[PDB]
């Protein structure tokens, strides 16, 4: 159809948790809107200076006048982006809805056991898993320290609305997953919500957003734990991102 001039502001709020296809969705939204989408990748590879701001925001966000100060920081962080996905943003979906009243909301979901397994390989390995040491070695190469891991934990706790959380307990996480997804579908008006199951592809997304399907471009399939294992190993081998970045065309 016709080309229209789209506003550069948050148009889509994705409430889906990490390891539910948020990076493919990030890529898909950038393909559609030709402007950046927020993601943890954005923080890691472009705005590491944002880490302390999100930490500060989450610190303050257990609390009107205080709220507008929070909302204004949210707005600042997201300036120039057309959508949000993944931690740390997904836990703020209700506030993002107030701040951007004309934004639509997405929920990415998948089989809960697949989600947990993926989360253990990439985001939250058990502390006694030898792989955790490899993840940490690789993360140092990227310039990520304990503050980054703190942001991940605090933003997970914030999304799950838990004051603390036994990260090593699979049953706890599985139940938090189910409750989170459930709560989203109860909070957001069905008029304003689309639930995307992994594998659903362009069609239901583009219909929701009133856009044509990108011509000839397949719906992204990136950020598998196998690919992330390969990246970790390469990072440890070459000791830099820029030495290997050409081998991971997604980034």
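Numbering follows the first chain given and starts at 1.
*Asks:* Can you count the deposited residues that have no coordinates between residue 63 and residue 64 and report it as none, 1 to 3, 4 to 9, or 10 or more?
*Replies:* Missing in between: 4 to 9 residues.
*Asks:* Report the stretch with the higher mean CA temperature factor, choosing between 30 to 38 and 54 to 62 on the basis of the entry.
*Replies:* According to the PDB entry, the answer is 54 to 62.
*Asks:* Averaging CA B factors per stretch from the PDB record, which one is higher: 239 to 247 or 7 to 15?
*Replies:* Mean CA B-factor is higher for 239 to 247.
*Asks:* Whose CA atom has the top B-factor in the entry, of 188, 195, 221, 211?
*Replies:* 188 has the highest C-alpha B-factor of those listed.
*Asks:* Which is it among 146, 84, 155, 118: the one with the largest CA B-factor in the entry?
*Replies:* Reading the PDB entry, the winner on C-alpha B-factor is 146.
*Asks:* Lowest, middle or highest third: where is residue 127 by C-alpha B factor in its chain?
*Replies:* Its C-alpha B-factor belongs to the highest third of this chain's values.
*Asks:* With respect to C-alpha B-factor, does residue 47 fall in the lowest, middle or highest third of the chain as deposited?
*Replies:* It falls in the top third of the chain.
*Asks:* Looking at the temperature factor on the CA atom of residue 114, which third of the chain's modelled residues does it land in?
*Replies:* Lowest third.
*Asks:* Test of reading the entry: by CA B factor among the chain's modelled residues, which third contains residue 108?
*Replies:* For residue 108, whose C-alpha B-factor we compare with every modelled residue in the chain, the answer is the middle third.
*Asks:* Ranking the modelled residues of this chain by C-alpha B-factor as given in the entry, is residue 71 in the lowest, middle or highest third?
*Replies:* Tercile = highest for this residue's CA B-factor.
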